[PDB]
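Chains as they are written, first to last, in PDB author numbering: chain A, 2 to 94, 104 to 234, 249 to 300; chain B, 2 to 94, 104 to 234, 249 to 300; chain C, 2 to 94, 104 to 234, 249 to 300; chain D, 2 to 94, 104 to 234, 249 to 300; chain E, 2 to 94, 104 to 234, 249 to 300; chain F, 2 to 94, 104 to 234, 249 to 300.
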């Protein structure tokens, strides 16, 4: 039958089903190729967490007699899932991505989990030692948003290093959505890195962050190489913006709410002008 | 049986099940009326995305031979879902909202999808052309949070224009939660709009934004008409606050971390005072 | 069979399944003990909402004839779920946490829901009366992110007061993720509290906030007792940072984008220095 | 792109999307009308069970303090679901089925639950008292397939009596699938009815079964009024077939594996001829 | 820690994780190969139904304007799913099954759906015309178990014909479980086939059934070529067993509850000996 | 508001929420006790299958490198689930069932899985060797309904032997529903047992079945010790009923469709009288 909305719907469909111009500058994606799945990617990052921090994300109840069994099953599930997503990435943006290539890259990534665990361990320690409000390594790994963002970042960075396209950005934007912390997979970040609270933090594509660095909520390391360099032991407080070819010397402190466009000598402190 | 917690629970229930005062200034909602469903609304926005960007949210694998089939099925699912939610909105806040009224409004909205696609297309282009870190239209549509917030906004705005109450705000707050970007459905926003990173962005109810405007994370366009006006080609950097009857002239640049309460002449640049 | 990735995977598992050093400073968690479940905790907070605001989160359709039935069922579901999570908290960080202890604490919490409803009611009123963009108590409770964060906070605070470890922080970080609003469960907050927009708001562990206080997006109440004290009727605009032993006098107004490290007299106004 | 299977798929779709003859003797179903949902129907029968046998299907844990709350919530959920399905039935096969008609029928059905509980109670008693293998009323209600089939039947019969088309048969076939027991909704069955084991039992549309009757697996009451009549206290053993205008007198016993086409006097016994 | 059940569990695992003998006569299944998924197979059969009977299983609400869209989407989903399962079948029991082979077979099957629809249409007609209890083609397709079993059978038979191993039996056993009707995929069955009630029906691997044949519940066509042949217009009543090299002549009737091991002349009737 | 169905619903609830008589002969179930969960029980049986037949139900893809990992994880999941259900059984029908008792019984059951695997292995072999239609051990374990019923039975029997009440019957009725095969947990069944097709098979509580016995669909071993005894190498064809104190001698064959109430000498054959 024909209702008053019937022809409105059919006409809408006809218009939506064409667009010779809305073929956009969209290059051609081969039919049959799989597309990145946010769902699969979510599962991938969660398995990575469960493998890196066994028993915390790796099991609902504590059981020392099954830690290894779970690592074994989790690594296999991750391998299958990651192979497919890496294949989707290669296909997105001779070379007609065969699973063979994707499966080896996925295995290469997995071989990096022990190292990722070692690095993330220092990040958790830095988060604990410098946060009186933190009262356990377990509480930090279990619910602190910063560890999740940093974990996603290090996972994405490794994938980028291995040459997996698209997937790395997908993974960091995922953390961006869940934590409000936006770290570009290309950023370079040292050990014992910590982000306090973190909502609004933005770390640009070519940023270089040293060791034992701490950033607070709203801190931006951006531009407009062209991103800032923060040396070791640096602290940047709430909402400060650092942009361009700027180097924050080791041990320096950057007060909050300031637009920083000049180098900051090591061990110095820079704060906003007085208000009245 | 009676445990030590038994009477505590029953007494709690008795107290919670009364409140003659907690009938609040809550007007009376008719029994039988459906209430807005965040779940249905989520599905609605996702279908809208899949219809606006066919094959990106419209299918898990690439298949040019089924794009139209999916648009047809998706439009129908959206129509059914949207009719019910619009009905819930009308019922929330002679006129005893009949589905008949809601179904036509839902169809009217759908007839606007081709235009929404045209506008959003310019937003994606602006996001690509001004972001060296962006490397594909596909990557932008697929995982950039800004496009999701802007999409939700334009969808909500149209619904507001059509006179659908409550639902528009529901939709923007949804993006607010998922991206950290808060745009009031009543704001007016031009073509080629882009938000870089975006967490913390706040765009007030009566804001007017021109064409080719770019906002960074933490930027607020608020007050306390009474919201700012940004002319074409304006850029507002990280965490800047613009409030009141303020006009940012075309081509002007607003540095970050500044409280702007005065008009900004066209083509000029305003930055925070030096620090030391 | 042996593929090229086979031995890579097995070697990865072997390395991941040891770590005598990665036993970390992680104290020993007893085998058999349940661990906190973000999933159960999500259900817990949602039930709390449905009980505090009956019919809004308590039912998909309006029905005055079943409000009490739903409160009864919801209180029971909450009780079961909360008992288990409280038990997990006690076990995390003579005293070998018996469900008996956890069940009474869970019941004690539930007996506080009537009071929580009374307090939250004032928060909703404050959100309505001071937000021209707000047009109904129902719209506020239903989709405003601030009410969700404040609700989670008051729920977590009560749990903290009752002596439930870990779970309170879990609950606030949950709101942190969903709204971008980070309130430490230990903060003390008065009636008629409101947060406008809120993404990026950070309220430190020992902060004390009076009655009728309003905070905007990006506002930080932190440090580095050692957290700020805001007296009644205070307003802090966008992105302002207040840190240390600072007291904001009643009725005072703190402009946005400023680093505040000094006391602010009552009824006064402090704004950022002019820009040029 | 075009693969070897591409044109095969498109041609298949073209052929499947026509059929002027396969419009069959299928009468025309109005666009917009809802169709019966096996999913909703499953939920409906489960709620009916939970309401008829409170606490058995009505709650995962025993709690005398919430039985009534659950009955209240369950009745409401059932009402909503049943209204829609009854509407679908009326629409399937002036009279353009308005929910108004369906909602009252749904309420009428619900008003019959107390009586259904009374009748089913006698069926459970008969199942217990005549089954030495049965050791509790609770075990019978909880997992005996016969009670489920008989429950579905009595539910469907009442719906048939009220004039709800299609839905009754849907409900009995549901039990048919789950238990192997096929009872036509039109059959008439007395109190204290029991089916032992039951797989393969078939009870025809116009069958009339008295009180305290017991049937075993594979028993058929069919034909080809034209279905059998079983008086009180009758027992029919395994796989026996009773067809046509046949009356099994009260207290009679029908042995298994026999084709019965003649009346069976009351109190008599009929068995298969000897084998050798 | 070590509980009293700890070592019992570990010892159980050790014993279960070996078995050099329980490598059974199980041939070696290549690592990496996918195994048949009952879950995917369920989805496959449901999509086949929705495509064969458009709008009945193809949509929750009636909509003539979207029938074709749904057929298009459903055919694609089916194609993807069926390709994988066929690949699993080939792998189960030079020839190292490439998806290429499986995808073409899957497409070949799909090209048979129009014909399957034509045949099944006659089965539905036979079910209606010979069942006074049937009152609509729609009611039959929608909930009659026989149509589901017969549909699964014809689907499985075609797959068998195309040379797909394992999957066909999987599909018929699926119907066997859901309806109590067991038809071997190798059986040959003519048009206008109908099964009344059907629980307990068993149709052997090499059975040949003519046109317009009707079988009742519990009927077995088995053995121990070596299975029965039923010519056109044959009817076999409840629980009758036909085995071996037996031919039931056209138009013949086989009464219920009888062990038939001899040929049955055309147009004749054979019934169980009298009882007393 | 008050609709025409409003008071009908409230009155129904009032009537349903009382019943001093419908407290039935239902003994009192302690508040707080968990009730048997068909859902948990389903998971339990599926895990048991995956552990008994590793890689068949134990993983979606073939992987010899992870068989043991999966057995380890599966045994743990099963242990947790089974402990709770056994506790529910003990509570159903001094002795106030403590999890301590249930956990040891659950572990005791698990220690029996290696033996169950050994016995079931003979059942699979018997199903293969005597079924020309069977073409692989893998096909049998993967989709043959008989193996599922027999597996559930042996699992339930062991639980019965260990003294777990209620749960065993729950488990067999589960198989009864899924396969149409009803085996009482108390039956005693020898090795190399096979059921061909099986729908309608009924094996009574005190039945004793020897080794290498085969039963066909519809076969009943019942009564009304008091159940039949079948010695080794016995075969009972389709729909035959054996009841009472009857012994079927070894190597004997019982034809189908016959009511057997007398002993059957070893090696003999008994068939239905001729028909005409």
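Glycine is no exception: its CB is placed at the ideal position from the N, C-alpha and C atoms.
Proximity of the stretch 61 to 74 of chain F to the stretch 258 to 269 of chain D falls short of the contact definition, fewer than three beta-carbon pairs being nearer than 8 Å. DSSP, reduced to helix, strand and coil, places residue 12 of chain D within a helical segment of the structure shown. For residue 64 of chain E, the nearest beta carbon of chain F is not closer than 8 Å to its own beta carbon.
In this structure, DSSP gives residue 73 of chain F a helical state, which the three-state scheme calls helix. The Cβ neighbour count for residue 142 of chain B, taken over all protein chains shown within 10 Å, is under 16; the residue is labelled exposed. Pairing residue 140 of chain B with residue 204 of chain B gives a Cβ-Cβ distance under 8 Å. Proximity to residue 116 of chain B across B/86, B/66, B/259, B/144 peaks at B/86, based on C-alpha coordinates. Within chain C, the residues 70, 73, 74 have their CB atoms less than 7 Å from the CB of residue 70 of chain D, given in chain order.
Check the Cα spacing between residue 232 of chain F and each of D/234, D/226, D/233, D/11: the tightest is with D/226. Ranking E/151, E/110, E/274 by CA distance to the CA of residue 54 of chain E puts E/151 first. Within the same chain, 132, 133, 135, 136, 221, 222 come within 7 Å of residue 202 of chain C by CB-CB distance, once the 5 residues on both sides are set aside.
At least one CB of chain E lies nearer than 8 Å to the CB of residue 7 of chain A.
In this structure, residue 171 of chain A sits away from residue 198 of chain A, with a CB-CB distance that is not shorter than 8 Å. For residue 261 of chain D, no beta strand (DSSP E) encloses it, and the DSSP letter there is neither H nor E.
Beta-bridge pairing by DSSP links residue 272 of chain D to D/254, D/288.
Using a Cβ distance threshold of 8 Å, residue 156 of chain E and residue 208 of chain E count as a contacting pair. Counting C-beta pairs with one atom in each stretch, the stretch 104 to 124 of chain D and the stretch 179 to 188 of chain D have fewer than three that are closer than 8 Å, which means they do not touch. Between the stretch 275 to 292 of chain A and the stretch 4 to 11 of chain B, the count of Cβ pairs shorter than 8 Å is below three; the stretches do not touch. Annotation for residue 226 of chain D: no alpha helix (DSSP H) segment contains it, though the beta strand (DSSP E) segment containing it runs 224 to 226.
Proximity of chain D to residue 11 of chain B at the Cβ level (cut-off 9 Å) is accounted for by 66, in chain order.
The beta carbon of residue 37 of chain D sits closer than 8 Å to those of 86, 89, 90, 93, 176, 177, 180, all from its chain and outside the five residues before and after it, given in chain order. In this structure, DSSP gives residue 129 of chain A a helical state, which the three-state scheme calls helix. At a cut-off of 8 Å between beta-carbon atoms, residue 32 of chain D makes contact with chain A. In the structure shown, residue 231 of chain E falls within a strand segment according to DSSP collapsed to helix, strand and coil. Taking 8 Å as the CB threshold, residue 148 of chain A stays off the interface with chain B. By alpha-carbon distance to residue 174 of chain E, the top candidate from E/159, E/195, E/5 is E/195. Here residue 40 of chain C is exposed. Its C-beta has fewer than 16 other C-beta atoms within 10 Å. Listed along chain E is no residue with a C-beta nearer than 7 Å to that of residue 86 of chain D; the closest approach is about 12 Å. With contacts defined as CB atoms closer than 8 Å, residue 154 of chain C and residue 147 of chain C fail to qualify as a contacting pair.
DSSP places residue 293 of chain E within a strand segment (E or B) once states are collapsed to three. Annotation: the continuous beta strand (DSSP E) that includes residue 205 of chain E extends over 204 to 206. Between the beta-carbon of residue 273 of chain C and that of residue 255 of chain C there is about 6 Å, and that keeps the pair under the 8 Å contact cut. Chain order gives the chain B residues near residue 77 of chain E as 64, 67, where near means a beta carbon separation below 7 Å. For the C-beta of residue 295 of chain F, the chain E residues within less than 8 Å are, from N- to C-terminus, 283. Under the 8 Å criterion on CB atoms, residue 227 of chain B is classed as interfacial with respect to chain A. Of the other Cβ atoms in all chains shown, fewer than 16 fall within 10 Å of the Cβ of residue 47 of chain B; this residue is therefore exposed.
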